[PDB]
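We count ligands from 1, going down the list as the structure has it; atoms in each ligand are counted the same way. All residue numbers in this chain count up from 1 along the given sequence.
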Amino acid sequence: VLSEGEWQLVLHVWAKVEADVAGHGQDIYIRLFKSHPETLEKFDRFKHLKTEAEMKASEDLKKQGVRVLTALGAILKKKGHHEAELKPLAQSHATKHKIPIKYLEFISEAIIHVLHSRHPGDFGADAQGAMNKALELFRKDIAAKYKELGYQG
Ligand code: HEM
Ligand SMILES: [Xe]
Ligand SMILES: [Xe]
Ligand SMILES: [Xe]
Ligand SMILES: [Xe]
């Protein structure tokens, strides 16, 4: 369980992401696909992209990144009271997309890396620890829903 102070560290960096969610999403996807290329294979619409240049130029990838970060932002804004928000996401990611918890760990890593790079003013050590705790909680709760849904993750 995060403290209110921890949630505020999470929300204060998220406020900066929201200056330009699209640009943040592009950086996060590029980082994910570069660091863990296997994750790109899960994307029917994007697995053909060969280079960072192609990734940057993809309007559909940009739009997907906006969807991801906005869905995650809504979850973070619930400050742990995210049962309703997690249900459709867990179901689609377990059953349609088939995304293991390991890959959620990878995207969490990419999120942290991009925030660390872009936002040293709001992503010092305490803020990074708070964001890690929030993402760990997210993954814990997704993992529990995965198991309810019959997916080992
Ligand atoms: C922060 C964690 C993530 C969030 C909040 C998130 C959110 C979303 C949302 C909102 C959608 C569209 C609605 C849906 O189908 O549920 C989506 C689609 C999708 N997600 Fe995720 N996602 C996350 C992580 C991942 C990861 C790590 C992968 C694969 C490695 C993945 C694979 C996909 C795929 C393949 C789609 C369909 C994309 C398309 O329309 O072409 N997701 N995700
Ligand atoms: Xe993203
Ligand atoms: Xe997810
Ligand atoms: Xe995550
Ligand atoms: Xe969360």
(Q) Among all protein heavy atoms in this structure, tell me which lies nearest to atom 37 (C) of ligand 1, with the distance rounded to 0.1 Å. (A) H97 CE1, 3.2 Å
Q: Can you run down the ring-ring contact (aromatic ring centres under 6.0 Å, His included) pairs that involve residues 70-93, sequence neighbours left out, and say none if there aren't any?
A: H93-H97
Q. Judged by atom type as modelled, is there a donor-acceptor pair below 3.5 Å linking the side chain of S58 to the main-chain atoms of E54?
A. no
Q: Just let me know how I99 lines up against ligand 1, side chain, backbone, both or neither, with a heavy-atom cut-off below 4.0 Å.
A: side chain
Q) Going by the atom numbers of ligand 1, which of them fall below 4.0 Å from some non-hydrogen atom of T39? A) 30 (C)
**Q.** Identity and separation of the nearest protein heavy atom to atom 35 (C) of ligand 1
**A.** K42 O, 3.3 Å
Q) What atoms in ligand 1 come closer than 4.0 Å to a heavy atom of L104? A) 24 (C), 27 (C)
Q | Per-residue contact class, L89 against ligand 1 - non-hydrogen pairs under 4.0 Å | A | side chain
Q.
Using side chain to side chain donor-acceptor pair (under 3.5 Å), reason through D60 and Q64 one step at a time and then give a plain yes or no.
A. CA-CA 6 Å; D60 289 344; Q64 226 301 116; over 6 Å; no
Q.
Which residue and atom name correspond to the protein heavy atom nearest atom 11 (C) of ligand 1, and how close is it?
A. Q64 OE1, 3.6 Å
Q: List the closest protein heavy-atom neighbour of atom 13 (C) of ligand 1: residue, atom name, distance to the nearest 0.1 Å.
A: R67 NH1, 3.7 Å
Q: List the closest protein heavy-atom neighbour of atom 3 (C) of ligand 1: residue, atom name, distance to the nearest 0.1 Å.
A: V68 CG1, 3.9 Å
Q: Could you tell me which N, O or S atom of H93 is nearest to atom 21 (Fe) of ligand 1?
A: NE2
Q. Are the side chain of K145 and the backbone N or O of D141 linked by a donor-acceptor pair below 3.5 Å?
A. no
Q.
Checking a contact table here: which protein heavy atom is nearest atom 33 (C) of ligand 1, and how many Å away?
A. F43 CE2, 3.6 Å
Q: Looking only at non-hydrogen atoms, find the nearest pair between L40 and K47 and report the distance.
A: O-CB, 3.5 Å
Q) If you look at every heavy atom in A22 and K62, which pair is closest and at what distance? A) CB-CG, 3.9 Å
Q: Look at atom 27 (C) of ligand 1 and say which protein heavy atom is nearest, naming residue and atom and giving the distance to 0.1 Å.
A: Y103 O, 3.6 Å
Q: Indicate yes or no for a side-chain donor-acceptor contact from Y146 to the backbone of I101 under 3.5 Å, with no hydrogens or angles considered.
A: no
Q. What atoms in ligand 1 come closer than 4.0 Å to a heavy atom of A71?
A. 10 (C)
Q | Whether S92 side chain and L89 backbone form a donor-acceptor pair below 3.5 Å | A | yes
Q) Can you check whether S92 has an N/O within less than 3.5 Å of an N/O in ligand 1? A) yes
Q) For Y29 and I107, which heavy atoms make the closest approach, and how far apart are they? A) CE2-CD1, 4.5 Å
Q. What is the ring orientation for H36 with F106, classed by angle as parallel under 30°, tilted 30 to 60°, or perpendicular over 60°?
A. parallel
Q.
For atom 40 (O) of ligand 1, what is the closest protein heavy atom, and at what distance to 0.1 Å?
A. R45 NH2, 3.2 Å
